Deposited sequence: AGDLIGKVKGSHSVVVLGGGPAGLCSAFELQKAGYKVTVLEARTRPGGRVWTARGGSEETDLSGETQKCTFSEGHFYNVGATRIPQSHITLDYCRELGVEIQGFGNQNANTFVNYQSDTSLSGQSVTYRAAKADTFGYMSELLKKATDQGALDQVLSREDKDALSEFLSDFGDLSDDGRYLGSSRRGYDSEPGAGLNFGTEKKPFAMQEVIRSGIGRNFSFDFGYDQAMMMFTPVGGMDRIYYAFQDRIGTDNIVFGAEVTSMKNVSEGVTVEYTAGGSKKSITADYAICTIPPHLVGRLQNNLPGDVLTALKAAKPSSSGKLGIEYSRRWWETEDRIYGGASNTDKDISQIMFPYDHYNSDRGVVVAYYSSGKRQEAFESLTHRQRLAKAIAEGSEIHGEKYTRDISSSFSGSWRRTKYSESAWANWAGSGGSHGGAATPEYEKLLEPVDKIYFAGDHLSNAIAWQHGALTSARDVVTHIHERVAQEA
C-alpha cells in the first residue's frame, strides 16, 4: 500500500483525468479520501489516446477527423510502449489489464538514409546493416589488436580473449576478415533438398561507414527502449478506462473544462464549465495535472515566481498518423511482423502493428515524428499529411505502400486541445522544476513533466504517488 488509511474527513479535487490525475484519485480513494476528478475531454487518459473506429477529434485549426478503422483495429496516438522497470506494468497487474510484447527491435524492418554514397535513399534491413557494421568494426579492431596498437593497454591474454570475441561478434573469416554472413539474410530462403538459398552479399566498408547506416543501432540499448518491451492488448488507453472503473464515474466529471483554481480560506476552489453550465467545487487540497503551459490561462492566485516557473516547461511537437491497409503486405511480402523502419525523412519511422498477426488487415503507424520533422506535418491538413506520409513511405517500402489503403487518422499533439504539447522540455533538476515540486499552499502540481521520466507514463504515475504521499503526511501533521 502507498499510504495508510486517513483518519477523519478529507477531500481532494484533481484537475485532469490523465495518468497522473487518475492515479492520484485512485490512491487517495484507497486511503479513504473524498476525491473528485475534473477532466476536460470526454475520455480518460489524456496523452494516452487510442484511435479506433468512431473516434472523432477537432484540432486547434478547426479540422475534424473521424476515424473509421475496422472493428478491433487501432493505434496509440500517444503512449504505446513500456519497458520492464516502469511502474506502469505494476498498475497493469493491479488493474487486471492484459499486456503483450511490443516489437521495439526487428531484424527485418528497414533503415533508409541520405548520404554521399550509392546507399543514399536505399532501404537496407537492420540485419544486413548490423552484419556489415559489426563485421567491419570487428575486423578493424582485430586488425589494430594484431598489429600491436593496443599492446600498452592489453596483455597477450586480453588480446587473445578480445580477438575470439571479435571473430564471433563480427562473423569473421578464419584469417580475420569480414567477407559477409548468413546474418545478413537471404535473397532466396534456404529450403529443402538442394535449395540452399542465396545469401545477400555485403556492402563495402567505405559504403557502410560513409552511409551512416548504423546511426540508429544504439536505440536498442536505451534503458527505457531495450527489449523486452510491452503494451496493453487492445490499446494503451485500457489502463485508464480501468482506473476510471475503479474510481467510479460518480467521482469523475468528464467534459469539465477548468477555468479557475484558487487557494481560499476553506481550501481550494475550482471553477469549471460542463455541458455549457458554470460549476464550482471546493476541496481541502488540489492536485493540478493540467499541462504547465496551460495552467497560466486559468484564473488563479499563484505567486508570480510560480507562474514564471511554469513557463520554463516548454511545449514540444510530436505526432503520429495511422493508415489501415486491407492487406498485411508487410507480413506477406516483407516478412515484417511488428517493429519499425527508421529514416532521416520527415516521417522518421514507420511502425508495424503488434497484434492481429496473420490477419486480413491492419493499421500501420506511417509516421511518428517529433521536433522539426513533426513541424513539417503540424500545419498540413490531414489529407496533406497523408499524401506526404504515403510518398515518403513508398520511398522506403515501395509502391505497395500506396495500395490497399482503407482509411487513416492523424494526431499532432501541439495542435491538440487540452494538450498543446507532446511533453515538456525544461529550459536549461532546473530551478523551475524544483520550485514546482513545492505546494502552493494547498495546491500541488503533478505530471510527467515533474519527473525524471518525462514522456513516460512512469513519470506521471510516480509523480502522482509522491504528491499523494505529501498530502497524506500533511493531513497526519
* Asked: Where does the model have holes with respect to the deposited sequence?
  -> 1-2, 431-438, 488-489
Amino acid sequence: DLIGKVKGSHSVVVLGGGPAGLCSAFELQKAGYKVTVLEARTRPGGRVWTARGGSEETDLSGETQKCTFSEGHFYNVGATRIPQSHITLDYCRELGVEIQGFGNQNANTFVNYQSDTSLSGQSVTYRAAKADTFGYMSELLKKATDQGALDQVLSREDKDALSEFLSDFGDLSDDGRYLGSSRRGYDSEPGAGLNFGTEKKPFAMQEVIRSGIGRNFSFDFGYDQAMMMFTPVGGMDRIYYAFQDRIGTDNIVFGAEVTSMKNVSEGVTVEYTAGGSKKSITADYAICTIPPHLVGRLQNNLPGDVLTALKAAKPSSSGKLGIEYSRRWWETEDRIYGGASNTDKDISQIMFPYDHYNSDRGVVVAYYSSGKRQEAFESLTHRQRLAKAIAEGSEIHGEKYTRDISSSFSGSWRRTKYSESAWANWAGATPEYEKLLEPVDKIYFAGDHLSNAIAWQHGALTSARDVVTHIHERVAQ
From here on, numbers count along this sequence of modelled residues.
* Asked: Do the C-alpha atoms of 103-111 or of 399-407 have the higher average B factor in the entry?
  -> 399-407
* Determine, for stretches 80-88 and 378-386, which one has the higher mean CA B-factor as deposited. => 378-386
* **Highest-ranked of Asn358, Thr231, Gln122, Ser370 once sorted by CA temperature factor in the record** => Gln122
* To do: Name the residue from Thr430, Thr50, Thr68, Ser451 with the greatest C-alpha temperature factor listed in the entry.
  => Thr430
* Asked: If you rank every modelled residue in this chain by C-alpha B factor, which third holds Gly255: lowest, middle or highest?
  -> middle
* Asked: According to the PDB entry, is the CA B factor of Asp284 in the bottom, middle or top third of its chain, that is, lowest, middle or highest?
  -> highest
* Thinking about Cα B factors across the chain, which third does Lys34 belong to? -> highest
* Asked: Can you tell me which third, lowest, middle or highest, the CA B-factor of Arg41 falls into for its chain?
  -> lowest
* Lowest, middle or highest third of the chain for the C-alpha temperature factor of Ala422? -> lowest
